[PDB]
Amino acid sequence: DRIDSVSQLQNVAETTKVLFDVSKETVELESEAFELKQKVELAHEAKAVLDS
Amino acid sequence: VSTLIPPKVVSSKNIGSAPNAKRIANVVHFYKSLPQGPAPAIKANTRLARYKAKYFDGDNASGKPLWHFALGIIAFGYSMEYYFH
């Protein structure tokens, strides 16, 4: 029981590393999303005054 | 902001509480021991050890050694009684 409880952290360590770095980088690169979102809002405002 | 890291934190985490306590007990109990019936040490002959390896062996240890001892005792006692009575 000790053997098959321990025998899990062999091929999952790389998955944990890659998921950690990917999730952290995706969370912290939200600056691009914020810039695109504000550009979209301002373009929408310009189009809005256009149809107004 | 870092996520939890279970498989990355296993240095301090052991297998429950009892399994890690008994791991040290069971790892060395099977290390320094005879493989299979090594060192029988059957050979012994020092009168007392001669009895040990001749009749007092534990493989049978029946009443035959006891009967032989009783026969020797009564044989000596016959001469003792002849001397005394």
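See the structure shown above.
Residue positions are given from 1 per chain in written sequence order; they need not agree with the entry numbering, and residues without coordinates are hidden. Following the order in which they are written, the chains are lettered starting with A and the ligands numbered starting with 1. Just a portion of a larger assembly is displayed, and each value is taken over that portion. To get the side-chain values, take all heavy atoms of the structure and skip hydrogens and water. Residues with missing side-chain atoms are left out of burial classes, side-chain pairs and their counts.

Observations concerning the overall build of chain A
Here is the rule: Starting at the N terminus, helices and strands are each numbered in turn, a helix being any DSSP run of H or I of at least four residues and a strand any DSSP run of E of at least two. In this treatment the radius of gyration is a C-alpha quantity, and the globule benchmark scales as 2.2 Å times the residue count to the 0.38 power. Residue burial is assigned from relative accessible area. The probe radius is 1.4 Å, only protein chains are included, and a residue is buried under 20% of its type maximum, exposed over 50%, and partly exposed in between. Reported accessibility uses the Shrake-Rupley method at a 1.4 Å probe radius. Residues are deemed covered only where the shown protein chains occlude them. None of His or the chain ends enter the tally, which takes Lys and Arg as positive and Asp and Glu as negative. Charge placement uses NZ in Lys and CZ in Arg. For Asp and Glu, CG and CD serve respectively.
A count of helical and extended segments in chain A gives three helices and zero strands. Each helix and strand of chain A, placed in order from N terminus to C terminus, yields the pattern α-α-α. Scaling as 2.2 N^0.38, a compact globule of 52 residues should have a C-alpha radius of gyration of about 10 Å, whereas chain A reaches 23 Å, well beyond that. With respect to the principal axes defined by its C-alpha atoms, chain A has extents near 70 × 15 × 10 Å. Split into buried and exposed, the 52 residues of chain A put 4% on the buried side. When the accessible surface of chain A is totalled, it reaches about 4,500 Å², and 63% of it is carbon and sulfur. Side-chain charges of chain A comprise 6 positive and 12 negative groups, with the mean position of each set lying 1 Å from the other.

Describing the packing of aromatic side chains
All names here are of chain B. Definition in use: We call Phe, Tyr and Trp rings a pair once their centres come within 6.5 Å, taking the six-membered ring for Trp, and we label the pair stacked below 30 degrees between planes, edge-to-face above 60, and tilted otherwise. In this scheme, the term charge over a ring applies when either NZ of a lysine or CZ of an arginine sits within 6 Å of the ring centre and within 35 degrees of the ring normal.
Applying the stated criterion to the full structure yields three aromatic pairs over all chains. Taken together, a centroid distance of 5.2 Å and an interplanar angle of 85° make the contact between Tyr83 and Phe84 edge-to-face. Comparing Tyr83 with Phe84 shows no difference in burial state: the two are exposed. The ring of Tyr51 carries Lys54 above its face, with NZ or CZ at 5.2 Å from the centroid.

Focus: the interface of chain B and chain A
Condition: Note on contacts: a residue pair is in contact if any heavy atoms of the two residues lie within 4.5 Å. Ten residue types, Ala, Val, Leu, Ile, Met, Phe, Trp, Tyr, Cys and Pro, are classed as nonpolar, four, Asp, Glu, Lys and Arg, as charged, and the remainder, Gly among them, as polar.
Contact with chain B, which involves ten residues of that partner, is made by eight residues of chain A. Here the side of chain B that touches chain A is composed, by residue class, of five nonpolar, three polar and two charged.

What about the environment of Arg2 of chain A?
Assignment of secondary structure puts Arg2 of chain A in helix α1 (residues 2–6). Residue classification places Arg2 of chain A among the partly exposed positions, given a relative accessible area of 27%. Those residues in contact with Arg2 of chain A, other than ones at most four positions away along the chain, are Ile15, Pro19, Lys22, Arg23 and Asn26 of chain B.

Concerning a nonpolar patch on the surface
The line we're drawing: Here, patches come from residues exposed beyond 30% relative accessible area and free of salt bridges, joined within 9 Å for like charges and within 5 Å for nonpolar side chains (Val, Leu, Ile, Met, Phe, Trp, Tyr). By salt bridge we mean one thing: a side-chain nitrogen of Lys or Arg within 4 Å of a carboxyl oxygen of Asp or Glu.
A contiguous nonpolar surface patch, about 390 Å² in accessible area, is contributed by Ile24, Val27, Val28 and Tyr31 of chain B. Within the fold, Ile24 of chain B resides in helix α1 (residues 18–29).

Digging into the side chain of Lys24 of chain A
Checked against the element boundaries, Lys24 of chain A lands in helix α2 (residues 13–28). Nearest to the buried, unbridged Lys24 of chain A among oppositely charged side chains is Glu28 of chain A, at 5.5 Å.

From the geometry alone we can't say anything about function, so treat these as descriptive.
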